[PDB]
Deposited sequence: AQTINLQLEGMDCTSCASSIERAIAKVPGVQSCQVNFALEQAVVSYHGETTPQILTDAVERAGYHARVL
C-alpha cells in the first residue's frame, strides 16, 4: 500500500472528519483512512492521488495532496 497525505479545509466539527473519512473510504482500494481532526489532515493507505482529492471535494470539503 502507498501512503497519501492530504491537507483538509472546511472542517468545523468531528463529524466533518468522519464525513471525509467515509468519502475517502468509498474509493476502491483505500485500505485505511484516518482523518486527524486537530491537524486537519488525512492519512490514506491506498492499494494518482487526485481520485482521493476528488472524493473529498465531492463530499463538500477541500483537499490538497501533501
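Asker: Deposited sequence versus model: which ranges have no CA atoms?
Answerer: Deposited residues absent from the model fall in 48-50 alone.
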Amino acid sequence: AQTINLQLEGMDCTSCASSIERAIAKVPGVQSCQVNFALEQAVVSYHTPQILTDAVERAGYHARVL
From here on, numbers count along this sequence of modelled residues.
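Asker: Quick one: higher average CA temperature factor, 5-13 or 52-60?
Answerer: Between 52-60 and 5-13, it is 5-13.
Asker: What third of the chain, by the recorded C-alpha B-factor, contains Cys33?
Answerer: For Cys33, the deposited C-alpha B-factor lands in the highest third.
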